[PDB]
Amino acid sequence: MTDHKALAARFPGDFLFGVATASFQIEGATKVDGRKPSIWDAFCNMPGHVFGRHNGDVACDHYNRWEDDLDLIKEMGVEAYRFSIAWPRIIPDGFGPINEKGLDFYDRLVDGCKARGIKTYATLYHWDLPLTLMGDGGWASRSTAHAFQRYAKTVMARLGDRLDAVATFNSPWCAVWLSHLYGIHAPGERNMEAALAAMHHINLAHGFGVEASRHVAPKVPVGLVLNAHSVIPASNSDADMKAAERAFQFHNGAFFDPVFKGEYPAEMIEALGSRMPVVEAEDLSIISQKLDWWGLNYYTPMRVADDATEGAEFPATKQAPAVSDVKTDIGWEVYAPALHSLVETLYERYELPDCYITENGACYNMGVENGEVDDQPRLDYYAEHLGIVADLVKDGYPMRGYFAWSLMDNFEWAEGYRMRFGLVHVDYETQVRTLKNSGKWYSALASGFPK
């Protein structure tokens, strides 16, 4: 289980261990140095969308504290840091003039990492769309993909000489369905037409980003970060099994199929295709450019059952109950085997590049007692899932690295600051960072690498 020296023995000597973070979740300084609002600033500040109307004005104050945070990462002995770049700082209206002050912040951040021997994994888009782009229709408008194309080039032109890796998007599933169909994330739409348009334009923007990054910075390996869902049927009935496949096509295939097969899932196209935006002739060629790596985000299985309610929109599924009785403080089922079956399914179904676990972590809300944080269930979560990752390596899968999700407690989207995911406790009143016991344990594991 939790014996780190024994766990470490199961990984190759060149395995990459990392910690990860996202711009709006930690940075604060929302109106500083030319930054303009993102769709999340708007979402937060409109009553109804976010717990307690919590916003990102301060968060972890990382914009000002970035040096201490980097020193913390070095002191933990962690080889890699994955962060996202705030489009609203770089090109504040989305289109329009470049904010060189904005590029400067990430320019210094990357330099600080280089000096400290910390490998840099940058994500171009982790949900903070500049608000002004909503004027054109946001992700529902194709022009937004070209705004992204230009943004991608702008960032890589400045950073591409030092970045160890880059990912275009993190979790299209959230930016697409959760944001435009379910109304849970910004901009909070609930419309199938809007969502399908967002779907294609995000896929297209990804393809634009790959291309742009390679024209300016060909040495930098390009990736895409996806929260692929481990879809588990409620039963072995034909009904529930056919449900599981429809769910897979809609929740995963909507992104994996275009990127890795250069097509949309056919059954999904039959049901939803007529409400999709224009797909120009070169679109799927651009979307399906070969990647150097991909990032898997995993937390919990997606248990589905057939939903035979009349007129139900594709995929016509409903939530099946948790088999495990272990749950995190946000209520997510803990079931590590669903990570093994997921990776197994994906590598059978698609031609994938090397894989990095880019997010895996757990919500537990204990704070500081006697200068320490006893977050044993988080420690246990990492041990179990890292064990699975080690199994996958054994089984022959190209698992090259693992990023622990959440360097520190932060703004957790619709949950506000109530749900803590970090390895490092952050006291929001004092901004004091406190390494948790899970973090001390992860640091012990990671410190031994590379061997």
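Start at 1 and count along the sequence shown; that's the residue number.
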So, looking at the entry's B-factor column for Cα atoms, which has the higher mean, 306-314 or 278-286? 306-314
Going by the average Cα B-factor in the PDB entry, point out whether 330-338 or 84-92 comes out higher. 330-338
Top Cα B-factor in this entry, restricted to 394, 62, 425, 54, sits on 394
Specify which of 99, 358, 141, 237 carries the largest Cα B factor in the deposited PDB entry. 237
What third of the chain does residue 67 rank in for C-alpha temperature factor, lowest, middle or highest? highest
For residue 164, return the chain-relative third of its C-alpha B-factor as stated in the PDB record: lowest, middle or highest. middle
Quick check on the deposited entry: does the C-alpha B-factor of residue 39 sit in the lowest, middle or highest third of its chain? lowest
Grab the CA temperature factor for residue 244 from the record and place it in the lowest, middle or highest third of its chain. highest
Which third, lowest, middle or highest, does the C-alpha temperature factor of residue 224 belong to within its own chain? lowest
